[PDB]
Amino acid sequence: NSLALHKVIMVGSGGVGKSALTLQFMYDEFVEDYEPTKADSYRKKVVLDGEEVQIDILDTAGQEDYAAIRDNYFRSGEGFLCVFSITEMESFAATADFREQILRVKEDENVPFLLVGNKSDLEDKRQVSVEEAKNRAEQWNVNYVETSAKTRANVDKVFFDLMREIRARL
């Protein structure tokens, strides 16, 4: 009677595509204006490897600055999509901070976690090399996936593959 509930948290610096990825996954729409300061949760039934489950997505927005609240939000998460934009090197640099924030709270270096390089449809504006992102993912023992919220490339993959990590590790 009770479905598995996979609790996913989007993290990453501003403008990288957290909301656009979420809204593409949820509603099959590329949304380009979503309030940068708006954090919201989303829930959908999805059939994961043939099992009906519920995904809950917390689309964070960095507005909450009070560390105890931010940590409470992370503590509740079971898996993390750590998003940067391949067109903004500083957003890639910033991923280290989210990683540490998550590790401090979850206290488990194997927490379900994907490094997501979004905006793969903007190859001509790339600032982060595939090599260096892959190297960082290797250092963290996480998978690296490049996505485009615009074209839908690997959007279902990152949510499904994270749910597979949650299923396996919890």
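Between two forms, the rigid core is the largest collection of C-alphas that superpose within 1.5 Å. We number the residues from 1 along the sequence you see.
For 67-75 versus 88-96, the mean Cα distance to the shown form in 8 other deposited structures of this protein after rigid core alignment is larger for 67-75. Rigid core fits of the other structures in 8 other deposited structures of this protein place the C-alpha atoms of one stretch farther away on average; of 30-38 and 44-52, that stretch is 30-38.
For the segment pair 22-30 and 114-122, the entry gives 22-30 the higher mean B-factor, averaged over Cα atoms. On average the C-alpha atoms of 104-112 have higher B-factors than those of the other stretch, with 104-112 and 133-141 being the two compared. In this PDB entry, the Cα temperature factor of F92 sits in the middle third of its chain's modelled residues. Ranked by C-alpha B-factor against the other modelled residues of its chain, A39 falls in the highest third.
Among all modelled residues in this chain, the alpha-carbon of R169 has a temperature factor (C-alpha) in the highest third. Among all modelled residues in its chain, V46 ranks in the highest third by Cα B-factor. When the modelled residues of the chain are ordered by C-alpha B-factor, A68 sits in the highest third.
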